[PDB]
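Take a look at the structure set out below.
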Amino acid sequence: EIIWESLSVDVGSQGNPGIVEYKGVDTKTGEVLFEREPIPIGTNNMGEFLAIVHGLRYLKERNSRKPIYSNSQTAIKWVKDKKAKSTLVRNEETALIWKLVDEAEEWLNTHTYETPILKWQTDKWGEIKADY
RNA sequence: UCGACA
DNA sequence: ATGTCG
Ligand SMILES: [Mg+2]
Ligand SMILES: [Mg+2]
């Protein structure tokens, strides 16, 4: 069953690698709670990773125990491992996204959370509410 | 085989 | 339809 009292996050991109953005919404209503400014170059998985970590910080800051839904098996694992195993080359054009990823990893290594990170079951429930 | 992003 | 991220 769907846990309606939750935060759903999803990445959006134009090309992959390409322009990456992401947002978090109230799973029940669809209200947009946060939306990251487009990042010139990044991968889908880096964006999915950044979205979940942003969500963890967002909920922690607001003293919320709501779970987070993501449809990304890859990103869910990276967060659990506290390491984003991306293949994106490291250059001046990808410096911005790599800095954000490194900082998200560092946040995971300096904070604790009880937030359940759940797999959104697209095959059974349709597209995630944070879909672009 | 599967989860995603285009 | 054809690609890339995992
Ligand atoms: Mg997604
Ligand atoms: Mg989507």
Side-chain angles (χ1 to χ4, degrees):
Chain A
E1 57 195 43
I2 295 178
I3 303 177
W4 295 102
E5 202 170 297
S6 60
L7 173 64
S8 287
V9 304
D10 195 20
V11 64
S13 84
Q14 176 180 283
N16 181 36
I19 297 174
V20 167
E21 57 202 296
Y22 66 69
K23 67 183 170 181
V25 309
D26 177 296
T27 303
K28 188 184 176 306
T29 68
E31 177 183 17
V32 182
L33 294 319
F34 65 77
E35 176 145 48
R36 164 68 201 201
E37 184 184 329
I39 295 157
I41 305 175
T43 65
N44 63 327
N45 296 319
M46 284 178 138
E48 300 269 29
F49 176 76
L50 294 176
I52 293 170
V53 180
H54 193 89
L56 287 170
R57 305 178 67 169
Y58 175 88
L59 297 172
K60 185 171 190 66
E61 163 72 42
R62 296 164 178 64
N63 288 317
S64 173
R65 283 169 59 75
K66 289 177 188 184
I68 292 166
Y69 273 117
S70 166
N71 62 21
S72 178
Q73 172 182 40
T74 293
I76 291 176
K77 179 186 169 187
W78 288 359
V79 174
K80 174 173 183 168
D81 300 341
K82 295 194 185 72
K83 198 60 182 170
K85 291 192 182 174
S86 180
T87 64
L88 187 64
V89 59
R90 278 181 186 266
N91 58 50
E92 298 191 82
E93 292 65 60
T94 61
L96 189 53
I97 190 64
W98 268 117
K99 185 180 190 72
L100 288 178
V101 169
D102 295 326
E103 298 173 330
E105 287 180 356
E106 194 51 44
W107 189 89
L108 297 174
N109 262 72
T110 49
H111 299 72
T112 62
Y113 63 84
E114 293 178 50
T115 307
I117 294 167
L118 317 168
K119 175 69 174 63
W120 175 263
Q121 304 187 45
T122 309
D123 69 312
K124 302 175 186 179
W125 315 329
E127 296 297 352
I128 188 154
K129 179 80 74 296
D131 182 46
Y132 279 75

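What's counted below: heavy atoms across the whole structure, side chains too, no hydrogens, waters or symmetry copies. By convention in this document, chain letters (A, B, ...) are assigned in the order of the sequence lines, proteins followed by strands, and residues within each chain are numbered from 1.
When rounded to the nearest whole Å, the span between CG of A:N71 and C1' of C:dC5 equals 13 Å. Atom NZ of A:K23 is separated from atom P of B:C5 by 12 Å (rounded to the nearest Å). Counting to the nearest Å, the P atom of C:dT4 and the CG atom of A:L88 are 14 Å from each other. The interatomic distance linking A:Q14 (CD) with B:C5 (P) rounds to 16 Å, in whole Å.
When heavy atoms are screened at a 4.0 angstrom cut-off, A:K119 is found touching the sugar-phosphate backbone but no base atom. Looking at heavy-atom distances under 4.0 Å, A:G12 makes contact with sugar-phosphate atoms alone, never a base.
Mapping A:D123 and A:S13 onto RNA chain B by nearest heavy atom places A:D123 at the nucleotide closer to the 5' end.
The side-chain hydrogen bond (donor to acceptor under 3.5 Å, both in side chains) contacts involving residues 123-132 of chain A comprise A:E35-A:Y132, A:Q121-A:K124, where partners must be two or more places apart or lie in separate chains.
We find the CG-OH distance between A:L50 and A:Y22 to be 5.5 Å, quoted to the nearest 0.5 Å.
Side-chain nitrogen and oxygen atoms of A:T43 include none within less than 4.0 Å of the OP1 or OP2 phosphate oxygen of C:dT4. Considering only side-chain N and O atoms, A:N44 lies nowhere under 4.0 angstrom from the phosphate OP1 or OP2 of B:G3.
Looking at A:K83 and A:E105, a side-chain N of the basic residue comes within less than 4.0 Å of a carboxylate O on the acidic one, giving a salt bridge.
The shortest distance between side-chain heavy atoms of A:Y113 and A:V79 falls below 4.5 Å.
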Scan the side chains in residues 2-12 of chain A for donor-acceptor partners under 3.5 Å anywhere in the protein, sequence neighbours excluded, and list what turns up.
residue, atom, partner, partner atom, Å
A:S6, OG, A:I3, O, 2.8
A:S6, OG, A:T27, OG1, 2.7
A:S8, OG, A:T27, OG1, 2.5

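For RNA chain B, the neighbouring residues in residues 4-11 of chain A, judged by any heavy atom under 4.0 Å, are A:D10, A:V11.
A:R36 forms no cation-pi arrangement with A:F34, by the criterion of a distance under 6.0 Å to the ring centre and an angle within 45° of the ring axis.
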